[PDB]
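Laboratory data are not the source of any read-out in this text; all were calculated from the coordinates shown. Here the Cβ positions follow ideal geometry from the backbone for every residue, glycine too, while neighbour counts run over all protein chains shown.
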C-alpha cells in the first residue's frame with residue numbers, strides 16, 4: 001500500500017499536471033481535485049512497478065514506485 005507521504009507526493013504531482021494542462025493556478029487545481037474526491041473518483045493505487053492517481057476514470061499521474069518511495073522518504 002502507499003504511505004501517507006507517497007500519497008501526498010502523488011497529489012502534488014497531480015496538481016502540477018492539472019496546472020500544466022489547464023493554465024490554472026495551484027489553488028484552482030486543488031479545488032478541482034477535491035471535487036473529484038467528493039464524487040469518489042479520485043483513486044490512488046499501485047502495483048509492484050508503478051503508482052497511479054486517477055481522476056474521473058482518467059490517469060492523471062503515474063510514477064515509478066522506487067522513485068516515489070525515494071522522493072517521499074528522503
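Below, the figures for the structure above:
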| read-out | value |
| --- | --- |
| Pairs with Cβ under 7 Å, 6+ apart, first in the stretch 47-74 and in contact (Cβ under 8 Å) with a residue 40 or more places away in the chain, second exposed (fewer than 15 other Cβ atoms within 10 Å of the Cβ) and in a loop (DSSP other than H, G, I, E, B) | 55/41; 72/3 |
| Matching residues, the stretch 1-32, being without any contact (Cβ under 8 Å) to a residue 12 or more places away in the chain and either over 24 Å from residue 73 (Cβ atoms) or in contact with a strand residue (DSSP E or B) (Cβ under 7 Å, 6 or more places away or on another chain) (or both) | 19, 20, 21, 22, 23, 24, 25, 27, 28, 31 |
| Residues satisfying the stated conditions in the stretch 33-55, i.e. over 13 Å from residue 2 (Cα atoms) and either touching a strand residue (DSSP E or B) at 6+ places or on another chain (Cβ under 8 Å) or surrounded by fewer than 12 Cβ atoms within 10 Å (Cβ to Cβ) (or both) | 33, 34, 36, 38, 39, 40, 41, 42, 54, 55 |
